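Asker: this one's experimental. Sequence and coordinates below.
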Amino acid sequence: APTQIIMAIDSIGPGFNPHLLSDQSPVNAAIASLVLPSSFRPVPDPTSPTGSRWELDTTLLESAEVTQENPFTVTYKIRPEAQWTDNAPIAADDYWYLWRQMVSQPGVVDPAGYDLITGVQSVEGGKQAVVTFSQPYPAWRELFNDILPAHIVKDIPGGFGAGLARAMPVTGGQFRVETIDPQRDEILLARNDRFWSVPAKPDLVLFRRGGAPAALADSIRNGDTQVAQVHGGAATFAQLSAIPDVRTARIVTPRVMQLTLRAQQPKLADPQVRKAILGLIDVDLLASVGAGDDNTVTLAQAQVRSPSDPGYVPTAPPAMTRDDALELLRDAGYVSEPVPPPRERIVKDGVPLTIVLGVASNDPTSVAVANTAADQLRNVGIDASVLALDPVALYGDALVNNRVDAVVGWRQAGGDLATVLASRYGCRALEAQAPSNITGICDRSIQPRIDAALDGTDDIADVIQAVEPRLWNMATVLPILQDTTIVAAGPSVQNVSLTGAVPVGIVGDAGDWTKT
């Protein structure tokens, strides 16, 4: 009988491509850490604006260095032994492929750094990757992590955008993916026998649905479950902590939920209407729905920084009342009229105000939030609705063809802040290269500061301080919450530190886990 360690999770999540906004999840981040190769891995560092320092992964690489400063260039020297699970080499082609996807695919994680890449050339039989940049990019160590098998993802049904939703057939790490089971909500990982370095101690690691708090409690109490990373509130936390010799903590997850308005929509072109819509929405209500009873809410009250960032301070302007929001609508030329027979309703020169909130049908939590947002607008006579779509259609079709007025979904937390700022609010990220600024607008007066932060000639903390008011004033982005989870380790498992960098979580040392 093989040694198996069981880790409890909420569910398997929306997908397994870490580079997609649609797939942001603690489960997705955990599996990627364990099965995919990375150029650099994060470690906790309170000295970093991000809370993490990125350190060379010597398992995959011999080196990664700035080779020239004129045309800013980084050369990666990949290990000869480093291979995908199908015996194909992990090579410069995989680097080239990730760059092309990050720059061409809609709905990808903060690609401002990738956008600066001028070329990726293959040298030394594919074992050396020379990456050229159009400018200095100090955050380059965050590029080319969670690398995907180019020859595989290219041909797989769904491709980059949807191919890894329920499948990971070819991997390149300590562990491999044996099965992904949506019915049972299980992910079975096996030790990769074709791994080229120090072998993982456990034969198998099973991720499974924890179920109700009482059920998970008894499973850990009985010793059937060794580790847990789940959503739950103070009561659940207290129940798990009361089990003899069980270690528990609440950690932040590398994602923040946001609601974004599409300001390029004519009905939302007026900033005062945008302010009114956001002012009619109770963000505290959205957060509580987003977190649930079974969760403790960490409010997201800044634009650039996530609550988990060491320098995080709320920057949100004072909350608007309901009467002032309605006052703003009246000034914009809106009135209310009776509803025609086959309540009350809001119209501008006879045209009812309509708001369609786009969301990934993949994500029950975001879907619930979008619905509560729509409920609130419907209460004041706005014809608001939710359009739940396939993740690829959402960012690729609905946004490009203006089928929605707003988007609810997750963004990465814990990444370089300059890259966050540029990707989401920058003028260059509007150009359409699928736009990463899905807002439809930018503030021109702050662009030099964004550029200077991105190339590192300006301190990011000073840039954030200077630009935050202007970001809020655009009235396009409403941050909701940062995701948190309860983590636990029972006495029956060894070498489980419930600590790690924000991007990774608690699975960084999973290769060392032993039981009894």
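Answerer: Received it, and whenever you're ready, just let me know what you need. Numbering: from 1, shown residues only.
Asker: let me see the domain layout of the protein.
Answerer: 1-36+150-254+484-516, 37-149, 255-483 (curated CATH domains).
Asker: would you list the ones you listed in CSV and tack on mean neighbour count?
Answerer: For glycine as for every other residue, the C-beta is placed from the backbone atoms N, C-alpha and C. Formatted as CSV, those follow (neighbours: other Cβ atoms under 10 Å):
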stretch, mean neighbour count
domain 1-36+150-254+484-516, 19
domain 37-149, 19
domain 255-483, 19
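Asker: ok, the residue lying farthest from the centre of the chain - contacts?
Answerer: Distance from the centre of the chain peaks at residue 341, with 45.7 Å (Cα atoms, centre = their mean). Counting by Cβ atoms under 8 Å, 6 or more residues apart in numbering, residue 341 makes contact with nothing.
Asker: oh, and call the first residue 293 from now on, that's how I've got it
Answerer: Shifting the count to begin at 293 puts that one at residue 633.
Asker: give me phi/psi at it?
Answerer: Dihedral angles of residue 633 (phi, psi; degrees, to the nearest 10) stand at phi -70, psi 140.
Asker: over to residue 564?
Answerer: Phi and psi for residue 564, reported as degrees, to the nearest 10, are phi -70, psi -40.
Asker: how about the one 5 residues further on?
Answerer: Main-chain torsions, residue 569, degrees, to the nearest 10: phi -60, psi -50.
Asker: now it: how far from residue 768?
Answerer: 11 Å (Cβ to Cβ, to the nearest Å).
Asker: shared neighbours, the two?
Answerer: Going by Cβ under 8 Å, 6+ apart, residues that sit against residue 569 and also against residue 768 are residue 553.
Asker: setting aside sequence neighbours, what's the nearest residue to residue 479?
Answerer: Spatially, and ignoring its direct neighbours in sequence, residue 479 is nearest to residue 499 (4.1 Å; Cβ to Cβ, 6 or more residues apart in numbering).
Asker: and residue 346, what does it touch?
Answerer: 332, 333, 334, 433, 434.
Asker: can I assume it sits in a strand?
Answerer: Yes: counting by DSSP: H, G, I helix; E, B strand; the rest coil, residue 346 falls inside a strand.
Asker: for it, which residues make a bridge with it?
Answerer: Beta-bridge pairing for residue 346 (DSSP bridges): residue 334.
Asker: the longest strand seen in the chain pairs with which strands?
Answerer: The longest strand of the chain (DSSP state E) is strand 539-553. The strands beside strand 539-553 in its sheet (DSSP bridges) come out as strand 698-704 (antiparallel), strand 769-781 (antiparallel).
Asker: between the ones you listed, which one is nearest to residue 511?
Answerer: Nearest to residue 511 among the strands paired with strand 539-553 is strand 769-781 (10.7 Å), distances taken as Cβ to Cβ.
Asker: parallel or antiparallel, list what pairs with the helix or strand just after that closest one.
Answerer: Using DSSP states H and E, the next helix or strand after strand 769-781 towards the C-terminus is strand 785-786. Strands that pair with strand 785-786, judged by DSSP bridges, come out as strand 806-807 (antiparallel).
Asker: give me the distance from the strand it pairs with to the chain's centre.
Answerer: 31 Å (Cα atoms, centre = their mean, to the nearest Å).
Asker: contacts for that strand, please.
Answerer: Under Cβ under 8 Å, 6+ apart, the answer for strand 806-807 is 295, 297, 493, 494, 518, 784, 785, 786, 787.
Asker: give me phi/psi at the first one?
Answerer: When you say that, I think you mean residue 295. For residue 295, the backbone dihedrals (degrees, to the nearest 10) come out as phi -70, psi 120.
Asker: any idea how far the closest residue to it other than its chain neighbours is from residue 293?
Answerer: The shortest distance from residue 295 to any non-neighbouring residue, by Cβ to Cβ, 6+ apart, is to residue 495 (4.7 Å). Residue 495 sits 9 Å away from residue 293, going by Cβ to Cβ.
Asker: try residue 804
Answerer: Residue 804 is 21 Å from residue 293, by Cβ to Cβ.
Asker: for the top helix by length along the chain, packing partners?
Answerer: Taking DSSP state H as the criterion, the chain has its longest helix at helix 656-671. Counting contacts by 3 or more Cβ pairs under 8 Å, 6 or more residues apart in numbering; DSSP states H and E, helix 656-671 packs against strand 539-553, helix 575-583, strand 646-652, strand 675-681, strand 698-704.
Asker: specify the beta-bridge partners of the residue nearest in space to the middle of the chain.
Answerer: With distances taken as Cα atoms, centre = their mean, residue 704 lies nearest the centre of the chain, 3.1 Å away. For residue 704, the beta-bridge partners under DSSP bridges are residue 547.
Asker: test my guess that it contacts residue 401.
Answerer: Yes: between residue 704 and residue 401 there is a contact under Cβ atoms under 8 Å: 4.9 Å.
Asker: mutual contacts of these two, please.
Answerer: With Cβ under 8 Å, 6+ apart as the test, residue 704 and residue 401 both reach 313, 316.
Asker: CA atoms of stretch 632-652 as PDB?
Answerer: The C-alpha trace of stretch 632-652 is given here as PDB (Å, rounded to 0.1, in the frame of the first residue of the first chain):
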ATOM      1  CA  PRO A 632     -46.600  50.200 -17.600                       C
ATOM      2  CA  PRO A 633     -49.300  47.600 -17.300                       C
ATOM      3  CA  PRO A 634     -48.900  44.400 -19.400                       C
ATOM      4  CA  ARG A 635     -43.300  49.600  -8.300                       C
ATOM      5  CA  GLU A 636     -41.300  52.500 -10.000                       C
ATOM      6  CA  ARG A 637     -38.500  52.700 -12.600                       C
ATOM      7  CA  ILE A 638     -35.500  54.900 -13.700                       C
ATOM      8  CA  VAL A 639     -35.400  56.400 -17.200                       C
ATOM      9  CA  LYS A 640     -33.600  59.000 -19.300                       C
ATOM     10  CA  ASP A 641     -35.800  60.600 -21.900                       C
ATOM     11  CA  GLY A 642     -38.000  57.500 -21.900                       C
ATOM     12  CA  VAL A 643     -35.100  55.000 -22.000                       C
ATOM     13  CA  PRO A 644     -34.900  52.700 -19.000                       C
ATOM     14  CA  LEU A 645     -31.400  52.400 -17.400                       C
ATOM     15  CA  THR A 646     -30.100  48.900 -18.000                       C
ATOM     16  CA  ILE A 647     -27.000  47.300 -16.300                       C
ATOM     17  CA  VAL A 648     -25.700  43.900 -17.300                       C
ATOM     18  CA  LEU A 649     -23.100  42.400 -14.900                       C
ATOM     19  CA  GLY A 650     -20.800  39.800 -16.600                       C
ATOM     20  CA  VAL A 651     -19.400  37.000 -14.600                       C
ATOM     21  CA  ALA A 652     -17.800  33.500 -15.100                       C
END
